[PDB]
Novice: 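Would you mind keeping the following structure in view while I ask a few things?
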Amino acid sequence: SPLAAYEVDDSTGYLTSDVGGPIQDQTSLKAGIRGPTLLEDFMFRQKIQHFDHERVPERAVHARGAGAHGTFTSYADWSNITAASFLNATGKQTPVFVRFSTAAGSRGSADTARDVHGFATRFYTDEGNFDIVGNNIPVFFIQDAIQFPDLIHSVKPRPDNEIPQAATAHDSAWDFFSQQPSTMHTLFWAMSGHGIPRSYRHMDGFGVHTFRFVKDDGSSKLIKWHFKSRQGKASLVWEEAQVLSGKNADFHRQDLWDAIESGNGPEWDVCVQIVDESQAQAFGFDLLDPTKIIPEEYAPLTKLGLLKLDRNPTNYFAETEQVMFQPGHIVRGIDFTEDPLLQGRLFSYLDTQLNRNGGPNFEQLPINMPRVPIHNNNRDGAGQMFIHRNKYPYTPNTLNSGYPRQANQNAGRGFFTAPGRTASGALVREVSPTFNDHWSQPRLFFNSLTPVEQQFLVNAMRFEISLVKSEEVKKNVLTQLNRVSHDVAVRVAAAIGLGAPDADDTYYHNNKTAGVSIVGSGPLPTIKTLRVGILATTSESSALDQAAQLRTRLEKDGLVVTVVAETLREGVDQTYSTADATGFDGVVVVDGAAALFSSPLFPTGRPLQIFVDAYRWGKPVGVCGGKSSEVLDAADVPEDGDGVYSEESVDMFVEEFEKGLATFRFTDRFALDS
Amino acid sequence: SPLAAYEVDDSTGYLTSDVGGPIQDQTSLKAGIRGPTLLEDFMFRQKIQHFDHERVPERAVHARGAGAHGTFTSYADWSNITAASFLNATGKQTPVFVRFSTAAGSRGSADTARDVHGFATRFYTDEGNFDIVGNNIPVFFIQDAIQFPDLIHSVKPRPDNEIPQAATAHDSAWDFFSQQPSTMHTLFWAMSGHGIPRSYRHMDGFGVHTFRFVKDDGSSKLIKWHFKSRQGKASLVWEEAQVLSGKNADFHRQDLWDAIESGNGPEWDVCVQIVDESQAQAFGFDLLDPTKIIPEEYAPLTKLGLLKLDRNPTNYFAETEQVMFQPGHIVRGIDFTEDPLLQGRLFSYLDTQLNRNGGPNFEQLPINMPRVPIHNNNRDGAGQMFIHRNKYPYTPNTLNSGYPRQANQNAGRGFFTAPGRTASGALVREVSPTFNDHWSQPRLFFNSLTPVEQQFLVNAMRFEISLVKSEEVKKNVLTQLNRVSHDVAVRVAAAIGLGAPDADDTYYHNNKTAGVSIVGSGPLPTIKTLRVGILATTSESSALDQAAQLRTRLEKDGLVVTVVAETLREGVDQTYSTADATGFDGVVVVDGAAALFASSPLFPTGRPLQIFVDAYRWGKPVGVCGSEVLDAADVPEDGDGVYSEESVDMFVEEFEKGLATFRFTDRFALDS
Amino acid sequence: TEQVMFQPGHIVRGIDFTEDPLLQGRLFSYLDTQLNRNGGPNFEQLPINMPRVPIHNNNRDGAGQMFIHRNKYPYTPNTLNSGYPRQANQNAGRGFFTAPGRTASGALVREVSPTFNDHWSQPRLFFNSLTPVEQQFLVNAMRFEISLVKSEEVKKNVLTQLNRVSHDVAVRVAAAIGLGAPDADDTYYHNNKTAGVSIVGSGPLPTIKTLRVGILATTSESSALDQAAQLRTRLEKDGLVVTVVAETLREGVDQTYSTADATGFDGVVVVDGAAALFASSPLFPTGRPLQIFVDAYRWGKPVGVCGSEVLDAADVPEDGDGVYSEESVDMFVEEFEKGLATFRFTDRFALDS
Ligand code: HDD
Ligand code: HDD
Ligand SMILES: [Ca+2]
Ligand SMILES: [Ca+2]
């Protein structure tokens with residue numbers, strides 16, 4: 001355990017104050033048995049003061065989130081492309097901590113809000129902490145860090161009433177999007193299934209920005225980070241995400257926790273696209289522009305190593321809440337580029353920790369500490385935990401023999417700015433005209449989605465735009481969408497009873513790019529951890545027998561089985577009253593239970609509703625035992641439908657059903673615009 | 001008042017720094033058009049620093065909530081029972097600010113979580129700010145403030161993984177409840193419809209503690225505060241609340257904002273039960289015990305005045321997020337009691353504002369300022385907004401001519417402790433044996449609910465307890481429930497696959513008390529603000545006509561009407577895609593839309609029918625204006641709260657009565 | 001040093017508070033004020049504030065949380081962590097307990113006990129217990145401070161109070177500020193004394209180790225530096241801190257006249273080979289060597305010459321108590337060391353009539 005040294009055990013012993021005096025904490029000291037409480041009660045005041053000051057400010061963005069520890073392992077010695085120590089040998093291992101998050105919502109908002117998602121990774125390297133502060137979407141809304149508060153104010157709740165929570169579905173957000181067309185690319189990503197991932201484990205991570213890899217000889221190359229999930233890509237459908245938000249606000253954090261606890265820690269290949277400095281404007285856009293991806297067709301991925309998360313935190317506040325990432329945590333071998341979005345982030349993440357931590361010594365929190373010695377002349381500040389021996393903390397000095405020594409390209413493995421970097425020209429507050437095409441790449445993205453995937457996106461837009469009250473804003477939205485795709489503008493316009501403006505083909509094209517579609521990404525490469533709900537009954541001892549046999553067979557392949565019945569007993573995990581289709585990736589009814597499909601024990605129609613919801617949301621569904629038509633007919637589920645199963649044999653049922661879990665969603669169950 | 005002076009108007013003008021220098025804020029200053037950002041870009045740094053520091057710590061409890069401004073009006077000169085100046089004349093008006101809230105969830109959690117709810121009121125009186133920091137439930141979980149962090153740690157999410165959000169449905173909470181039986185009374189309230197109110201306007205407010213009214217002659221009486229809703233009592237059903245938590249986390253704050261904007265600001269009668277000091281132990285329990293109510297049968301309510309909320313905040317953060325209530329905000333004519341829960345609160349609320357505000361001058365925030373001058377020798381501290389002219393801020397002084405003067409019972413209308421209060425005995429960390437009955441009052445409360453209401457409470461317990469992993473915790477919970485009621489313990493245990501322990505009759509009894517039932521409180525006294533969803537279609541011009549006709553008729557009665565159809569157009573407010581039954585108090589299908597109730601790319605499969613079916617299942621009044629539909633929905637034509645007409649005027653008379661009835665509880669199954 | 005955060009609330013079993021209303025309120029203040037200094041609630045985790053025994057409690061979170069707590073059920077009463085941490089009290093776990101004999105009774109009052117009302121008799125007790133020159137120093141401190149008070153009204157109010165302690169004090173202080181003392185008011189006068197409160201009457205110092213001796217010398221005489229060095233050897237062996245002062249630094253010289261002052265020494269010795277300096281240089285301000293000797297004398301310190309027209313130049317009587325003049329190194333050291341123990345020669349200070 002990485003932070004063992006800082007752990008506090010309270011599995012034995014007597015209660016003490018923070019200064020080690022044994023005390024009690026259950027009754028206040030009073031003047032008489034029915035008397036007033038005394039000011040001299042220090043036991044009361046120390047305990048309540050602590051409680052009164054437990055909270056710290058939530059993160060200004062990405063407030064809602066969850067973390068875990070793991071390991072990164074290098075696949076090679078990468079000295080040919082970078083000086084980075086953590087990448088300098090085959091099999092070299094570095095501890096990591098990753099936090100995943102939504103972006104807009106406060107603490108306590110729902111995991112399954114439609115949003116961009118954070119994917120922030122710390123590498124505790126032998127040459128310092130290196131953070132990659134990424135998202136699950138490869139492009140960002142805006143092209144200059146200075147616009148960040150405008151973006152965030154617009155998508156956060158309206159500031160008179162603080163409504164709506166964790167949602168872009170309101171006037172101000174769509175007003176900003178329509179007035180600031182740079183937003184289109186990330187908007188199209190967020191309106192796709194990427195806005196509602198099935199789990200943190202089923203999404204990728206992106207650094208977003210172009211960075212540099214820098215070799216010990218000072219030469220550099222431009223890179224993009226892509227963490228490719230070994231679990232596959234998967235999304236919720238919108239209606240499902242909505243119900244989930246209410247039934248289980250903690251869905252993603254629970255999923256991550258459970259996967260780690262079961263020995264199924266999630267994995268990513270940590271990859272880069274690498275290109276030459278000379279290619280900054282070779283691909284049809286500017287590599288300094290964070291609203292653009294490099295299509296995989298122009299630059300393939302190099303797999304650098306393996307990321308695995310395999311240990312849950314011990315105390316969430318101490319580790320997950322207090323972790324303070326910074327793109328300023330950089331190491332020798334890596335450098336920045338002149339992406340004006342990146343440039344401004346460097347400032348913000350150092351400054352914002354003062355707010356969260358309330359003092360300048362936030363790097364001393366166990367979770368933020370490096371795993372190597374610290375030698376500098378930083379001193380004092382509130383919460384100072386070190387006792388510095390060096391009483392001459394200035395450079396240059398002779399009284400401490402010139403120590404600490406300066407580190408740079410030539411001595412002490414110092415960080416150094418890529419020495420080939422230059423600047424030229426007037427000092428300006430001007431936008432590069434190379435940043436000006438806001439629409440071709442959103443269109444490239446939309447073109448790369450399958451037909452049913454494009455429908456889902458259009459439906460997300462119809463959902464949100466329909467909730468915009470201002471007809472002017474709605475009209476301005478259609479103006480921007482129409483620049484990406486006339487068809488999209490027409491189909492969205494239809495839901496809101498406006499007309500799309502006439503086609504404007506300046507940025508239309510039919511090009512496609514690999515690796516961005518969820519629905520087209522193939523069956524999941526593993527079904528371990530997926531959830532199967534077996535709907536059963538206590539009326540029939542045969543229903544519970546089938547359920548037990550099924551459980552045994554599914555659990556063997558690492559599926560997480562929940563048997564549902566009217567009441568709990570041995571072998572039944574959940575009651576119908578607490579069960580919901582959003583709790584499962586697949587739903588099986590045992591034919592012993594056919595009769596269920598009114599009780600004081602659950603709402604009217606609940607068992608059927610679970611099956612029907614599962615079907616409507618595209619999940620694999622079936623009946624096990626041999627008698628199926630009663631259940632399937634009651635549900636209106638066709639017996640020959642794709643992803644609908646019926647077998648007497650447990651072994652045979654499970655083999656078919658398991659293919660359906662891998663396929664994950666049966667998209668033919670969703671209507672398309674004609 | 002101190003608020004208008006601090007309002008900032010940005011509807012015209014050029015962008016400036018915080019020091020008034022005109023600037024831009026859209027592009028960073030760079031060394032060349034594709035170059036690095038410059039450190040000398042002060043426009044960038046001031047803007048991003050402000051953004052970086054926007055957040056403040058959320059409240060330690062009641063982090064999720066919403067506020068409004070209003071007025072309190074006194075009904076009489078109450079000098080006969082209290083010296084309090086805000087109650088000293090018929091018609092005397094005092095501005096107020098109220099914040100409502102849940103209790104356990106963090107600031108972005110759903111309004112409709114099952115919880116105790118806060119109801120905190122500030123009266124900006126002419127003798128200082130007076131706060132009554134209350135809840136929608138009259139009793140609290142614990143009997144000593146020192147246990148507050150134990151309660152809160154147990155109910156809040158498990159601290160290794162921070163799961164679950166805004167919910168008592170987990171092991172630790174039920175472990176605490178079953179180990180600390182004082183919790184039983186508040187537990188039964190929170191497991192009732194009181195844990196899931198229909199709105200902030202449809203719940204009452206309670207001070208919880210016994211306080212004193214003190215007269216200018218020094219005599220005192222014991223009081224309980226009860227804010228009685230003029231809107232009536234109403235709850236959601238649990239399944240509804242769960243769906244609402246996902247479809248509209250902002251449901252209660254939205255409901256409050258909308259009511260105020262439409263000129264339907266909610267009202268309460270501010271009442272007290274008043275009893276003599278001699279009655280502290282006269283009613284069969286201790287009035288110092290915050291887990292106990294005084295039954296209305298023993299002490300009727302006196303109406304003191306009218307509380308109305310009628311103006312929304314201008315900036316949520318500055319007013320609602322920053323309001324810092326304290327029970328230590330007391331005025332002459334009120335005093336504390338030796339309730340060990342109240343006692344410790346007085347410490348906590350002063351201290352915790354240091355955490356939220358980051359400095360000691362939090363009473364200077366406009367929302368926290370009083371409406372009368374301030375004279376004291378408090379000085380300096382971070383964020384000091386005053387420039388004090390008195391250069392001799394110590395007492396006693398001659399250099400400032402002995403000012404400010406000390407105020408007390410005799411001089412300057414000072415606050416004074418009720419002079420009859422005494423203390424006697426050993427200095428002890430002991431619980432009074434008078435506090436020891438943890439079970440009789442929860443039973444009193446349970447007995448006072450209707451059968452269906454009792455069933456909802458059993459079902460809420462079945463739901464939560466079935467989620468507790470630990471078999472030993474579940475057994476311990478049954479032990480405690482059994483001491484309140486054997487029948488509750490039997491019926492709860494049936495769902496969780498355990499046997500209830502044998503009846504222990506020590507605290508059983510069959511007494512009832514008035515005014516605690518929601519289902520029993522009769523029809524709503526008003527239907528203004530209630531929501532009607534009219535389900536229509538763009539496919540038939542008739543359907544849209546019917547909807548428009550119903551709309552004009554319902555709207556005249558102060559009902560909020562939403563016409564729902566496949567796509568938006570003139571006449572249509574919402575699409576089926578965004579519509580849910582949780583958005584309505586009543587649902588009407590116009591028969592021209594019959595066809596929708598048997599696929600489209602414009603909405604999920606079965607959505608129109610599901611809205612009607614959910615609405616019915618949740619006990620709402622439902623109707624068809626103009627057989628196909630009710631049959632599709634499995635809704636019996638003869639059922640109460642089911643309306644079938646052709647005549648719009650008649651439909652309206654009948655449906656409006658159903659909205660007052662509010663819920664049709666006969667649609668919910670009972671235990672055998 | 002800067003971060004240590006003391007509290008009278010840091011108490012242990014076997015000690016308890018009393019109902020002293022000054023102590024009572026301090027208990028509140030020291031806990032609260034650490035929030036201001038530390039900027040967060042985890043100030044007891046600063047290394048200087050940490051205890052030297054394990055900590056077991058349910059305090060959690062807060063800005064600057066440096067622990068990682070393993071108990072995931074931090075509430076009492078619990079079964080999920082087996083009831084740990086356990087309550088400590090008089091009969092379990094060596095808990096702190098309030099003295100069980102303590103009681104309270106009566107009205108809840110904002111009243112001062114009448115037993116507190118005598119504000120003047122103990123001030124008089126203290127004053128009575130000081131030696132005559134000690135009483136003079138105190139009168140002179142008050143003369144100094146009160147003479148700086150602008151308000152005539154405050155000065156008169158001050159004399160009123162001083163007079164309730166001692167009419168003589170009020171008379172002598174009044175003399176310096178040009179007002180008349182009010183008439184004697186003997187309510188609280190008495191002649192009683194108490195042991196252990198006087199500094200001057202507390203006897204010679206029990207040790208002279210650490211005390212500072214300034215040896216004023218010259219670079220112009222090799223004899224002067226020789227004498228200095230010889231004294232140094234002797235004095236240093238007795239634990240005294242010796243500083244040889246001359247016009248410029250060099251081997252054996254610690255401090256120039258320019259940076260030297262009498263406040264830097266408990267005793268001052270002139271090596272007679274340096275008599276010339278005591279009679280202008282760009283190396284120190286005019287008359288510096290003499291001024292040091294003169295200040296040391298006027299402030300009551302043991303002063304000496306080792307090798308006596310210096311004493312004339314300094315107007316110091318050869319026969320005065322705590323004035324030394326010997327050519328014998330050993331004899332001088334011996335006598336001068338007795339002077340350092342005596343510490344101050346109080347006969348050098350003028351007294352009121
Ligand atoms: C100049 C302001 C600014 C800009 C332009 C961005 N961010 Fe940021 N980000 C912040 C300012 C910020 C912040 C206010 O500084 C936060 C809040 C808490 C923190 O540590 O930094 C933050 C938090 C934060 C987190 C949560 C980290 C955690 O889990 O603790 C993630 C994943 C990101 N951001 C990712 C991004 C990505 C992928 C961006 C576009 C490429 C981006 N941010 C642009
Ligand atoms: C000793 C600790 C303690 C105890 C025993 C209680 N509370 Fe409390 N309460 C707090 C400590 C606290 C607090 C930590 O001090 C809060 C958090 C933010 C604040 O201003 O005070 C608070 C917040 C708070 C709020 C939110 C006020 C707002 O909207 O800003 C309400 C309505 C209540 N409480 C009501 C109660 C009631 C009805 C209680 C039982 C009779 C109660 N509290 C017991
Ligand atoms: Ca808005
Ligand atoms: Ca738990």
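Start at 1 and go down the list; that is how both ligands and their atoms are numbered. Here is the naming used below: chain letters follow the sequence lines, and residue numbers restart at 1 for every chain. The basis for the numbers below is simple: all heavy atoms, side chains too, and nothing from hydrogens, waters or symmetry mates.
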Novice: Which residue and non-hydrogen atom of the protein lie closest to atom 36 (C) of ligand 2, and at what distance in Å?
Specialist: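 Answer for atom 36 (C) of ligand 2: B:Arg345 NH2, 3.2 Å.
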Novice: Distance alone, cut at 3.5 Å: any donor-acceptor contact between the side chains of A:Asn312 and A:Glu261?
Specialist: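 Note: A:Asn312 and A:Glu261 side chains meet the donor-acceptor criterion.
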Novice: Do you see a donor-acceptor pair shorter than 3.5 Å between the side chains of C:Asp32 and A:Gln49?
Specialist: no
Novice: Does any N, O or S atom of B:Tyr349, backbone or side chain, fall under 2.8 Å from atom 8 (Fe) of ligand 2?
Specialist: yes
Novice: Using a 4.0 Å cut-off to any heavy atom of B:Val208, which atoms of ligand 2 qualify?
Specialist: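 In order of number, 38 (C), 41 (C).
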Novice: I need the nearest protein heavy-atom contact for atom 31 (C) of ligand 2: residue, atom name and distance, please.
Specialist: B:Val133 CG1, 3.5 Å
Novice: Just checking B:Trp225 against B:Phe206, ring centres under 6.0 Å apart?
Specialist: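 Ring centroids of B:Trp225 and B:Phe206 are no less than 6.0 Å from each other.
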Novice: Using a 4.0 Å cut-off to any heavy atom of B:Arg59, which atoms of ligand 2 qualify?
Specialist: 18 (C), 28 (C), 30 (O)
Novice: Among side-chain atoms of A:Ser106 and A:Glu58, is any donor-acceptor pair under 3.5 angstrom?
Specialist: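 Checked: A:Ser106/A:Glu58 side chains pair up, N/O donor to acceptor below 3.5 Å.
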Novice: Does the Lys NZ or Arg CZ of B:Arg212 fall within the cation-pi geometry relative to B:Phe336 - under 6.0 Å from the ring centre and within 45° of the axis?
Specialist: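 No, B:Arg212 does not sit over the ring of B:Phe336.
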Novice: Just so I know, are the side chains of B:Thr314 and B:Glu319 near enough to count as touching, which here means a heavy-atom distance under 4.5 Å?
Specialist: yes
Novice: Mind checking the CD-CG spacing from A:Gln179 to A:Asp150? Nearest 0.5 Å is all I need.
Specialist: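 If I round to the nearest 0.5 Å, the distance is 12.5 Å.
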Novice: Using distance alone, with no hydrogens and no angle criterion, decide if B:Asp144 and A:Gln26 have a side-chain donor and acceptor under 3.5 Å apart.
Specialist: no
Novice: What are the atoms of ligand 2, with element, lying closer than 4.0 Å to any heavy atom of B:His209?
Specialist: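 Near B:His209, the atoms of ligand 2 are 41 (C).
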Novice: Looking at ligand 2, does B:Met324 have a heavy atom less than 4.0 Å from it?
Specialist: no
Novice: Please report which non-hydrogen protein atom sits nearest to atom 32 (C) of ligand 2, along with the residue it belongs to and the distance in Å to one decimal place.
Specialist: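 Here the nearest protein heavy atom works out to B:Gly134 O, 3.2 Å.
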Novice: Taking only heavy atoms of B:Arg99 into account, list the atoms of ligand 2 that are under 4.0 Å away from them.
Specialist: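 With B:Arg99 as reference, the close atoms of ligand 2 come out as 28 (C), 29 (O), 30 (O).
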Novice: What protein heavy atom is closest to atom 5 (C) of ligand 2, reported as residue, atom name and distance in Å?
Specialist: B:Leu341 CD1, 3.4 Å
Novice: Please determine whether any non-hydrogen atom of B:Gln147 lies less than 4.0 Å from an atom of ligand 2.
Specialist: no
